[PDB]
Each structure stands twice: as C-alpha cells, then as structure tokens.
$ cat start-v5.tsv   # TSV, N, CA and C atoms
chain	number	residue	atom	x	y	z
A	3	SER	N	-94.10	84.66	54.99
A	3	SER	CA	-95.15	85.54	55.49
A	3	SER	C	-94.64	86.97	55.60
A	4	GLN	N	-94.67	87.51	56.82
A	4	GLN	CA	-94.22	88.88	57.05
A	4	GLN	C	-93.01	88.94	57.97
A	5	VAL	N	-92.29	90.05	57.88
A	5	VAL	CA	-91.16	90.32	58.75
A	5	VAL	C	-91.64	91.01	60.02
A	6	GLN	N	-91.25	90.48	61.17
A	6	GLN	CA	-91.62	91.10	62.43
A	6	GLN	C	-90.38	91.49	63.23
A	7	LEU	N	-90.28	92.77	63.56
A	7	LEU	CA	-89.19	93.27	64.38
A	7	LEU	C	-89.65	93.43	65.83
A	8	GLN	N	-89.23	92.51	66.69
A	8	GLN	CA	-89.70	92.49	68.07
A	8	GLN	C	-88.79	93.30	68.99
A	9	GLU	N	-89.37	94.31	69.63
A	9	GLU	CA	-88.61	95.26	70.43
A	9	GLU	C	-88.79	95.02	71.93
A	10	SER	N	-87.69	95.08	72.67
A	10	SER	CA	-87.72	94.89	74.12
A	10	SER	C	-86.63	95.71	74.80
A	11	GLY	N	-86.66	95.74	76.13
A	11	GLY	CA	-85.65	96.43	76.90
A	11	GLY	C	-86.04	97.84	77.29
A	12	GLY	N	-87.22	98.28	76.85
A	12	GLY	CA	-87.71	99.61	77.18
A	12	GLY	C	-88.32	99.65	78.57
A	13	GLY	N	-89.21	100.61	78.80
A	13	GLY	CA	-89.88	100.74	80.08
A	13	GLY	C	-89.60	102.05	80.78
A	14	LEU	N	-89.77	102.06	82.10
A	14	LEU	CA	-89.55	103.27	82.88
A	14	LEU	C	-88.18	103.24	83.57
A	15	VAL	N	-87.50	104.38	83.57
A	15	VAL	CA	-86.22	104.50	84.27
A	15	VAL	C	-86.05	105.94	84.76
A	16	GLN	N	-85.25	106.12	85.81
A	16	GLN	CA	-85.01	107.45	86.35
A	16	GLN	C	-83.86	108.13	85.63
A	17	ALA	N	-83.91	109.46	85.55
A	17	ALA	CA	-82.86	110.25	84.93
A	17	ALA	C	-81.48	109.89	85.47
A	18	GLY	N	-80.54	109.67	84.55
A	18	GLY	CA	-79.20	109.24	84.92
A	18	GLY	C	-79.08	107.74	84.84
A	19	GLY	N	-80.21	107.06	84.71
A	19	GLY	CA	-80.25	105.61	84.63
A	19	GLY	C	-79.94	105.07	83.25
A	20	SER	N	-80.00	103.75	83.11
A	20	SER	CA	-79.65	103.11	81.85
A	20	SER	C	-80.75	102.18	81.34
A	21	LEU	N	-80.73	101.93	80.04
A	21	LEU	CA	-81.62	100.97	79.39
A	21	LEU	C	-80.87	100.26	78.27
A	22	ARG	N	-81.17	98.98	78.09
A	22	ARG	CA	-80.58	98.24	76.98
A	22	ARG	C	-81.67	97.74	76.03
A	23	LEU	N	-81.95	98.52	75.00
A	23	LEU	CA	-82.96	98.14	74.01
A	23	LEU	C	-82.47	96.97	73.19
A	24	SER	N	-83.40	96.08	72.83
A	24	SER	CA	-83.08	94.93	71.99
A	24	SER	C	-84.10	94.77	70.87
A	25	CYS	N	-83.62	94.48	69.67
A	25	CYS	CA	-84.49	94.22	68.54
A	25	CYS	C	-84.13	92.89	67.88
A	26	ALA	N	-85.08	91.97	67.85
A	26	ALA	CA	-84.87	90.67	67.23
A	26	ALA	C	-85.90	90.43	66.13
A	27	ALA	N	-85.42	90.11	64.93
A	27	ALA	CA	-86.31	89.85	63.81
A	27	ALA	C	-86.90	88.45	63.86
A	28	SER	N	-88.18	88.34	63.56
A	28	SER	CA	-88.86	87.05	63.48
A	28	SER	C	-89.77	87.02	62.26
A	29	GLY	N	-90.41	85.88	62.01
A	29	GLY	CA	-91.26	85.74	60.84
A	29	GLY	C	-90.46	85.38	59.61
A	30	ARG	N	-90.80	86.00	58.48
A	30	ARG	CA	-90.11	85.73	57.22
A	30	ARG	C	-88.64	86.13	57.30
A	31	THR	N	-87.76	85.14	57.16
A	31	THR	CA	-86.32	85.38	57.19
A	31	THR	C	-85.87	86.25	56.02
A	32	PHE	N	-84.91	87.14	56.27
A	32	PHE	CA	-84.38	88.00	55.22
A	32	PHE	C	-82.93	88.37	55.52
A	33	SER	N	-82.16	88.64	54.47
A	33	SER	CA	-80.78	89.07	54.63
A	33	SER	C	-80.74	90.56	54.94
A	34	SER	N	-80.34	90.90	56.16
A	34	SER	CA	-80.35	92.28	56.61
A	34	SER	C	-79.11	93.05	56.16
A	35	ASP	N	-79.33	94.29	55.74
A	35	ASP	CA	-78.27	95.20	55.34
A	35	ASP	C	-77.82	96.04	56.53
A	36	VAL	N	-78.80	96.53	57.28
A	36	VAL	CA	-78.55	97.41	58.40
A	36	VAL	C	-79.73	97.36	59.38
A	37	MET	N	-79.43	97.43	60.67
A	37	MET	CA	-80.47	97.53	61.69
A	37	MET	C	-80.17	98.70	62.62
A	38	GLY	N	-81.20	99.47	62.97
A	38	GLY	CA	-81.01	100.63	63.81
A	38	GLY	C	-82.26	101.03	64.56
A	39	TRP	N	-82.17	102.15	65.27
A	39	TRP	CA	-83.29	102.64	66.07
A	39	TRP	C	-83.70	104.05	65.69
A	40	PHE	N	-85.00	104.28	65.63
A	40	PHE	CA	-85.56	105.62	65.50
A	40	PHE	C	-86.37	105.91	66.76
A	41	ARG	N	-86.73	107.17	66.97
A	41	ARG	CA	-87.55	107.53	68.12
A	41	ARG	C	-88.40	108.76	67.82
A	42	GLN	N	-89.52	108.88	68.52
A	42	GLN	CA	-90.41	110.02	68.36
A	42	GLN	C	-90.95	110.50	69.70
A	43	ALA	N	-90.38	111.60	70.19
A	43	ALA	CA	-90.87	112.25	71.40
A	43	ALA	C	-92.26	112.81	71.14
A	44	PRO	N	-93.07	112.98	72.21
A	44	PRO	CA	-94.41	113.55	72.06
A	44	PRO	C	-94.42	114.90	71.36
A	45	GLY	N	-95.24	115.02	70.31
A	45	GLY	CA	-95.38	116.26	69.59
A	45	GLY	C	-94.12	116.69	68.85
A	46	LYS	N	-93.35	115.72	68.39
A	46	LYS	CA	-92.12	116.01	67.65
A	46	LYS	C	-91.94	115.06	66.47
A	47	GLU	N	-91.00	115.40	65.59
A	47	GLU	CA	-90.69	114.56	64.44
A	47	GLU	C	-89.96	113.29	64.86
A	48	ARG	N	-90.23	112.21	64.15
A	48	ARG	CA	-89.47	110.98	64.32
A	48	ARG	C	-88.04	111.23	63.85
A	49	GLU	N	-87.07	110.85	64.68
A	49	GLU	CA	-85.67	111.10	64.36
A	49	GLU	C	-84.82	109.83	64.44
A	50	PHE	N	-83.70	109.85	63.73
A	50	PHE	CA	-82.74	108.77	63.78
A	50	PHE	C	-82.02	108.77	65.13
A	51	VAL	N	-81.56	107.60	65.55
A	51	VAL	CA	-80.81	107.48	66.80
A	51	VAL	C	-79.45	106.83	66.56
A	52	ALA	N	-79.47	105.56	66.18
A	52	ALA	CA	-78.25	104.81	65.96
A	52	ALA	C	-78.50	103.65	65.01
A	53	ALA	N	-77.43	103.12	64.43
A	53	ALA	CA	-77.53	102.00	63.49
A	53	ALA	C	-76.20	101.29	63.33
A	54	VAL	N	-76.27	99.99	63.05
A	54	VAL	CA	-75.07	99.21	62.76
A	54	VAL	C	-75.29	98.38	61.49
A	55	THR	N	-74.30	98.38	60.61
A	55	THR	CA	-74.39	97.62	59.37
A	55	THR	C	-73.90	96.19	59.60
A	56	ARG	N	-74.10	95.33	58.61
A	56	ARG	CA	-73.71	93.93	58.74
A	56	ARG	C	-72.19	93.77	58.67
A	57	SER	N	-71.51	94.85	58.32
A	57	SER	CA	-70.05	94.87	58.31
A	57	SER	C	-69.50	95.39	59.63
A	58	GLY	N	-70.40	95.88	60.49
A	58	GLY	CA	-70.01	96.39	61.79
A	58	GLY	C	-69.87	97.90	61.83
A	59	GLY	N	-70.22	98.55	60.73
A	59	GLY	CA	-70.17	100.00	60.65
A	59	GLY	C	-71.27	100.64	61.48
A	60	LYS	N	-70.89	101.55	62.38
A	60	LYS	CA	-71.86	102.18	63.27
A	60	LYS	C	-72.01	103.67	63.00
A	61	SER	N	-73.25	104.16	63.07
A	61	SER	CA	-73.53	105.57	62.87
A	61	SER	C	-74.52	106.07	63.93
A	62	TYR	N	-74.41	107.34	64.29
A	62	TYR	CA	-75.25	107.91	65.34
A	62	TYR	C	-75.79	109.29	65.00
A	63	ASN	N	-77.00	109.57	65.46
A	63	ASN	CA	-77.48	110.95	65.52
A	63	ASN	C	-76.76	111.63	66.68
A	64	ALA	N	-75.51	111.98	66.45
A	64	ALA	CA	-74.61	112.44	67.50
A	64	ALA	C	-75.11	113.68	68.25
A	65	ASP	N	-75.91	114.50	67.57
A	65	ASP	CA	-76.40	115.75	68.15
A	65	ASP	C	-77.41	115.51	69.26
A	66	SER	N	-78.01	114.32	69.27
A	66	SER	CA	-78.99	113.98	70.29
A	66	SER	C	-78.49	112.84	71.16
A	67	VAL	N	-77.64	111.99	70.60
A	67	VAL	CA	-77.06	110.88	71.35
A	67	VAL	C	-75.96	111.35	72.30
A	68	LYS	N	-75.09	112.21	71.80
A	68	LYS	CA	-73.99	112.79	72.58
A	68	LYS	C	-73.08	111.72	73.18
A	69	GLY	N	-72.83	110.66	72.43
A	69	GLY	CA	-71.91	109.62	72.85
A	69	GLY	C	-72.41	108.80	74.03
A	70	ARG	N	-73.68	108.97	74.38
A	70	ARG	CA	-74.26	108.24	75.50
A	70	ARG	C	-74.68	106.83	75.11
A	71	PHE	N	-75.10	106.66	73.86
A	71	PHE	CA	-75.67	105.39	73.42
A	71	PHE	C	-74.65	104.59	72.61
A	72	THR	N	-74.74	103.27	72.69
A	72	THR	CA	-73.85	102.40	71.93
A	72	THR	C	-74.62	101.25	71.29
A	73	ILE	N	-74.66	101.23	69.97
A	73	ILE	CA	-75.33	100.15	69.25
A	73	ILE	C	-74.33	99.05	68.92
A	74	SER	N	-74.81	97.81	68.84
A	74	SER	CA	-73.95	96.67	68.56
A	74	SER	C	-74.76	95.51	67.99
A	75	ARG	N	-74.10	94.66	67.22
A	75	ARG	CA	-74.74	93.47	66.68
A	75	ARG	C	-74.68	92.34	67.68
A	76	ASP	N	-75.81	91.66	67.87
A	76	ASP	CA	-75.83	90.49	68.74
A	76	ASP	C	-75.48	89.24	67.94
A	77	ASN	N	-75.29	88.13	68.65
A	77	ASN	CA	-74.88	86.88	68.03
A	77	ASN	C	-75.96	86.30	67.11
A	78	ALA	N	-77.22	86.46	67.50
A	78	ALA	CA	-78.33	85.85	66.77
A	78	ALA	C	-78.60	86.55	65.44
A	79	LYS	N	-79.33	85.85	64.57
A	79	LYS	CA	-79.69	86.38	63.25
A	79	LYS	C	-80.54	87.64	63.36
A	80	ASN	N	-80.07	88.71	62.73
A	80	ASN	CA	-80.77	89.99	62.69
A	80	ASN	C	-81.19	90.49	64.07
A	81	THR	N	-80.26	90.46	65.02
A	81	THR	CA	-80.53	90.93	66.37
A	81	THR	C	-79.55	92.05	66.75
A	82	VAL	N	-80.09	93.13	67.31
A	82	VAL	CA	-79.30	94.32	67.60
A	82	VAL	C	-79.63	94.90	68.98
A	83	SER	N	-78.60	95.35	69.70
A	83	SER	CA	-78.79	95.96	71.01
A	83	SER	C	-78.38	97.43	71.03
A	84	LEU	N	-79.08	98.24	71.82
A	84	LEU	CA	-78.73	99.64	71.99
A	84	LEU	C	-78.57	99.97	73.47
A	85	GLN	N	-77.31	100.10	73.90
A	85	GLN	CA	-77.01	100.44	75.29
A	85	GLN	C	-77.13	101.94	75.52
A	86	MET	N	-78.19	102.34	76.22
A	86	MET	CA	-78.44	103.75	76.49
A	86	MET	C	-78.07	104.12	77.92
A	87	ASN	N	-77.07	104.99	78.07
A	87	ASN	CA	-76.63	105.46	79.38
A	87	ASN	C	-76.91	106.95	79.58
A	88	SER	N	-76.89	107.37	80.84
A	88	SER	CA	-77.09	108.78	81.21
A	88	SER	C	-78.36	109.36	80.62
A	89	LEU	N	-79.47	108.65	80.80
A	89	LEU	CA	-80.75	109.05	80.22
A	89	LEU	C	-81.33	110.29	80.89
A	90	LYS	N	-82.05	111.08	80.10
A	90	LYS	CA	-82.68	112.31	80.58
A	90	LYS	C	-84.14	112.33	80.13
A	91	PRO	N	-84.97	113.18	80.78
A	91	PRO	CA	-86.40	113.26	80.42
A	91	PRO	C	-86.67	113.56	78.94
A	92	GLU	N	-85.70	114.13	78.23
A	92	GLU	CA	-85.88	114.44	76.82
A	92	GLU	C	-85.69	113.20	75.95
A	93	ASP	N	-85.18	112.13	76.56
A	93	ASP	CA	-85.01	110.86	75.87
A	93	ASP	C	-86.31	110.06	75.88
A	94	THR	N	-87.32	110.57	76.58
A	94	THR	CA	-88.63	109.95	76.62
A	94	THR	C	-89.29	109.99	75.25
A	95	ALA	N	-89.51	108.81	74.67
A	95	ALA	CA	-90.09	108.71	73.34
A	95	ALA	C	-90.52	107.28	73.03
A	96	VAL	N	-91.29	107.11	71.96
A	96	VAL	CA	-91.55	105.79	71.42
A	96	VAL	C	-90.39	105.40	70.51
A	97	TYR	N	-89.71	104.31	70.84
A	97	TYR	CA	-88.54	103.90	70.07
A	97	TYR	C	-88.88	102.81	69.06
A	98	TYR	N	-88.52	103.06	67.80
A	98	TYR	CA	-88.83	102.14	66.72
A	98	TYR	C	-87.58	101.44	66.19
A	99	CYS	N	-87.62	100.12	66.14
A	99	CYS	CA	-86.56	99.36	65.49
A	99	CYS	C	-86.80	99.35	63.99
A	100	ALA	N	-85.73	99.46	63.21
A	100	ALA	CA	-85.83	99.45	61.76
A	100	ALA	C	-84.75	98.57	61.16
A	101	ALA	N	-85.10	97.83	60.12
A	101	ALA	CA	-84.16	96.92	59.48
A	101	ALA	C	-84.10	97.13	57.98
A	102	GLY	N	-82.90	96.98	57.42
A	102	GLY	CA	-82.70	97.15	56.00
A	102	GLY	C	-82.48	95.84	55.28
A	103	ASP	N	-83.08	95.71	54.10
A	103	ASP	CA	-82.99	94.48	53.33
A	103	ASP	C	-81.96	94.62	52.21
A	104	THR	N	-81.13	93.60	52.05
A	104	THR	CA	-80.15	93.58	50.97
A	104	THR	C	-80.86	93.28	49.65
A	105	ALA	N	-82.01	92.62	49.74
A	105	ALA	CA	-82.80	92.28	48.56
A	105	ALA	C	-83.58	93.48	48.05
A	106	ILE	N	-83.58	94.56	48.84
A	106	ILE	CA	-84.17	95.83	48.42
A	106	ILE	C	-83.03	96.78	48.06
A	107	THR	N	-83.12	97.39	46.88
A	107	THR	CA	-81.99	98.03	46.21
A	107	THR	C	-81.27	99.12	47.00
A	108	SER	N	-82.03	100.01	47.65
A	108	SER	CA	-81.43	101.14	48.36
A	108	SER	C	-80.38	100.71	49.38
A	109	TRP	N	-79.21	101.33	49.29
A	109	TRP	CA	-78.08	100.96	50.14
A	109	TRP	C	-78.26	101.50	51.55
A	110	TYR	N	-78.22	100.59	52.52
A	110	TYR	CA	-78.42	100.91	53.94
A	110	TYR	C	-79.75	101.62	54.19
A	111	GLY	N	-80.75	101.31	53.38
A	111	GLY	CA	-82.08	101.88	53.54
A	111	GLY	C	-82.94	101.02	54.44
A	112	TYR	N	-83.94	101.62	55.07
A	112	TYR	CA	-84.80	100.89	55.99
A	112	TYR	C	-86.12	100.50	55.36
A	113	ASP	N	-86.49	99.24	55.54
A	113	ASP	CA	-87.64	98.67	54.86
A	113	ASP	C	-88.68	98.10	55.82
A	114	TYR	N	-88.21	97.58	56.95
A	114	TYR	CA	-89.11	96.97	57.93
A	114	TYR	C	-89.05	97.73	59.25
A	115	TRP	N	-90.20	97.84	59.91
A	115	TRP	CA	-90.29	98.61	61.14
A	115	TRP	C	-90.99	97.84	62.25
A	116	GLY	N	-90.55	98.06	63.48
A	116	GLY	CA	-91.22	97.48	64.64
A	116	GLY	C	-92.42	98.32	65.02
A	117	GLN	N	-93.29	97.77	65.86
A	117	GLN	CA	-94.47	98.50	66.32
A	117	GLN	C	-94.08	99.71	67.16
A	118	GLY	N	-92.92	99.62	67.81
A	118	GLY	CA	-92.46	100.67	68.69
A	118	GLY	C	-92.60	100.26	70.14
A	119	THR	N	-91.65	100.68	70.97
A	119	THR	CA	-91.72	100.39	72.39
A	119	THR	C	-91.53	101.68	73.18
A	120	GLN	N	-92.22	101.78	74.32
A	120	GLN	CA	-92.21	103.02	75.09
A	120	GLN	C	-91.00	103.12	76.02
A	121	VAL	N	-90.39	104.30	76.02
A	121	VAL	CA	-89.32	104.62	76.96
A	121	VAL	C	-89.67	105.90	77.70
A	122	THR	N	-89.77	105.82	79.02
A	122	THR	CA	-90.14	106.98	79.83
A	122	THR	C	-89.09	107.25	80.90
A	123	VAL	N	-88.43	108.40	80.80
A	123	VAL	CA	-87.40	108.77	81.76
A	123	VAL	C	-87.90	109.86	82.71
A	124	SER	N	-88.09	109.50	83.97
A	124	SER	CA	-88.61	110.44	84.96
A	124	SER	C	-87.50	111.36	85.45
A	125	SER	N	-87.90	112.50	86.02
A	125	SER	CA	-86.93	113.46	86.54
A	125	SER	C	-86.22	112.91	87.77

$ encode --input "start-v5.tsv" --output "structure tokens"
Amino acid sequence: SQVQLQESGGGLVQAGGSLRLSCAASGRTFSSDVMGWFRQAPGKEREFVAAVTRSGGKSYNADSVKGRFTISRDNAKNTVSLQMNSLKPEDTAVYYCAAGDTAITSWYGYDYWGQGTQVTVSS
C-alpha cells in the first residue's frame, strides 16, 4: 500500500525545556537510506534540521541546531529519535519526518514525508 511516517514526541514545552521527537515508519515496508527531520516556522521556509543514515552517519543544520539537538537510530525498523534540548520560542514550528528509499536512485534523498507534528515553545 502506502508508506506512513508516524510522528510523536511533540507538543508544548517551556523555553529551556526538552522534547524527544520520534518517527516510526508503518504501512508498506521499504529499505530506508536515511531518516531525518524538517521544520517550518510560521511564515517561513521549510528547513532541514537533522538526519541519520543507515550507516550511522549524522548531519545537522548546525546554524539553527547549534549542537542542541541529537538524532539517533532506534532499535526498530525505520525508527528515528531527535533529542531536542535548550529549546527557544524560535524553535516553534511544524516538524516533518522524512525518509529516504534505497530503491529510489538519489543518494540520501528524501521520498516519504510525515503529516507533520506541532512543536510550541513558550517564553
């Protein structure tokens, strides 16, 4: 059928607080190349956040992450966590999980997307 990227761990938190985003793939099974997170603040462009490859290679939008966030592969099939610390009101955005398929030619490219989950960081 279809690939579904189920996102959780979001919600409301106070500035300086933490969140642990989780993305678990369901539906049609696929061999993942890379899984990561994107986000879109109100009235702004959707931007990259973090990603981990199936080899364990990690990359970050360091200019916005600033070493605060840590992505990692979970034990389960196509499951990824994003540990977000020291959150600020500018981190308030809709966060999208994205997954890359090995069966799709582009290397470390993203093919499947989650519906998005809300993250709101109060002052």

$ residues_around --input "start-v5.tsv" --residues "residue 13 (chain A)" --least-positions-apart "4" --cutoff "5 Å" --atoms "only N, CA and C atoms" --output "ChimeraX atom specification"
/A:120-122

$ residues_around --input "start-v5.tsv" --residues "residue 80 (chain A)" --least-positions-apart "6" --cutoff "8 Å" --atoms "only N, CA and C atoms" --output "VMD selection string"
chain A and resid 25 to 28 32 to 34 37

$ closest_residue --input "start-v5.tsv" --among "A:125, A:36, A:69, A:114" --to "residue 56 (chain A)" --atoms "all atoms listed in the file"
A:36

$ atom_distance --input "start-v5.tsv" --atom1 "CA of residue 63 (chain A)" --atom2 "CA of residue 84 (chain A)"
13.1 Å

$ residues_around --input "start-v5.tsv" --residues "residue 74 (chain A)" --least-positions-apart "3" --cutoff "8 Å" --atoms "only C-alpha atoms" --output "short mmCIF file (atom, residue, chain, number, x, y, z; two decimals) with N, CA and C atoms, in the frame of the given file"
data_model
loop_
_atom_site.label_atom_id
_atom_site.label_comp_id
_atom_site.auth_asym_id
_atom_site.auth_seq_id
_atom_site.Cartn_x
_atom_site.Cartn_y
_atom_site.Cartn_z
N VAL A 54 -76.27 99.99 63.05
CA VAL A 54 -75.07 99.21 62.76
C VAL A 54 -75.29 98.38 61.49
N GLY A 58 -70.40 95.88 60.49
CA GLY A 58 -70.01 96.39 61.79
C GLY A 58 -69.87 97.90 61.83
N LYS A 60 -70.89 101.55 62.38
CA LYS A 60 -71.86 102.18 63.27
C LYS A 60 -72.01 103.67 63.00
N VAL A 82 -80.09 93.13 67.31
CA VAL A 82 -79.30 94.32 67.60
C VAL A 82 -79.63 94.90 68.98
N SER A 83 -78.60 95.35 69.70
CA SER A 83 -78.79 95.96 71.01
C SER A 83 -78.38 97.43 71.03
N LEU A 84 -79.08 98.24 71.82
CA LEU A 84 -78.73 99.64 71.99
C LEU A 84 -78.57 99.97 73.47
#

$ atom_distance --input "start-v5.tsv" --atom1 "CA of residue 52 (chain A)" --atom2 "atom C of residue 67 (chain A)"
9.4 Å

$ select_by_dssp --input "start-v5.tsv" --residues "chain A" --states "helix (DSSP H, G or I)" --output "PDB file with N, CA and C atoms, in the coordinates of the input"
ATOM      1  N   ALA A  64     -75.510 111.980  66.450  1.00  0.00           N
ATOM      2  CA  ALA A  64     -74.610 112.440  67.500  1.00  0.00           C
ATOM      3  C   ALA A  64     -75.110 113.680  68.250  1.00  0.00           C
ATOM      4  N   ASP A  65     -75.910 114.500  67.570  1.00  0.00           N
ATOM      5  CA  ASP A  65     -76.400 115.750  68.150  1.00  0.00           C
ATOM      6  C   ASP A  65     -77.410 115.510  69.260  1.00  0.00           C
ATOM      7  N   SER A  66     -78.010 114.320  69.270  1.00  0.00           N
ATOM      8  CA  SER A  66     -78.990 113.980  70.290  1.00  0.00           C
ATOM      9  C   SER A  66     -78.490 112.840  71.160  1.00  0.00           C
ATOM     10  N   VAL A  67     -77.640 111.990  70.600  1.00  0.00           N
ATOM     11  CA  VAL A  67     -77.060 110.880  71.350  1.00  0.00           C
ATOM     12  C   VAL A  67     -75.960 111.350  72.300  1.00  0.00           C
ATOM     13  N   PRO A  91     -84.970 113.180  80.780  1.00  0.00           N
ATOM     14  CA  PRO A  91     -86.400 113.260  80.420  1.00  0.00           C
ATOM     15  C   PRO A  91     -86.670 113.560  78.940  1.00  0.00           C
ATOM     16  N   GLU A  92     -85.700 114.130  78.230  1.00  0.00           N
ATOM     17  CA  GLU A  92     -85.880 114.440  76.820  1.00  0.00           C
ATOM     18  C   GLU A  92     -85.690 113.200  75.950  1.00  0.00           C
ATOM     19  N   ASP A  93     -85.180 112.130  76.560  1.00  0.00           N
ATOM     20  CA  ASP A  93     -85.010 110.860  75.870  1.00  0.00           C
ATOM     21  C   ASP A  93     -86.310 110.060  75.880  1.00  0.00           C
TER      22      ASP A  93
END

$ select_by_dssp --input "start-v5.tsv" --residues "chain A" --states "strand (DSSP E)" --output "PyMOL selection string"
chain A and resi 5-10+13-16+21-29+34-42+49-55+60-62+71-75+81-86+95-103+114-115+119-124

$ closest_residue --input "start-v5.tsv" --among "A:46, A:15, A:109, A:5" --to "residue 88 (chain A)" --atoms "only C-alpha atoms"
A:15

$ atom_distance --input "start-v5.tsv" --atom1 "CA of residue 106 (chain A)" --atom2 "atom C of residue 118 (chain A)"
23.7 Å

$ residues_around --input "start-v5.tsv" --residues "residue 105 (chain A)" --least-positions-apart "2" --cutoff "7 Å" --atoms "all atoms listed in the file" --output "PyMOL selection string"
chain A and resi 33-35+102-103+107-108

$ axis_aligned_box --input "start-v5.tsv" --around "region 101-120 of chain A" --padding-each-side "6 Å" --output "lines of an AutoDock Vina configuration file"
center_x = -86.3
center_y = 97.7
center_z = 61.1
size_x = 28.4
size_y = 22.8
size_z = 41.8

$ closest_residue --input "start-v5.tsv" --among "A:96, A:89, A:73, A:44" --to "residue 19 (chain A)" --atoms "only N, CA and C atoms"
A:89

$ closest_residue --input "start-v5.tsv" --among "A:117, A:31, A:66, A:16" --to "residue 99 (chain A)" --atoms "all atoms listed in the file"
A:117

$ residues_around --input "start-v5.tsv" --residues "residue 10 (chain A)" --least-positions-apart "3" --cutoff "6 Å" --atoms "all atoms listed in the file" --output "list in words"
residues 22, 23, 24 and 25 of chain A
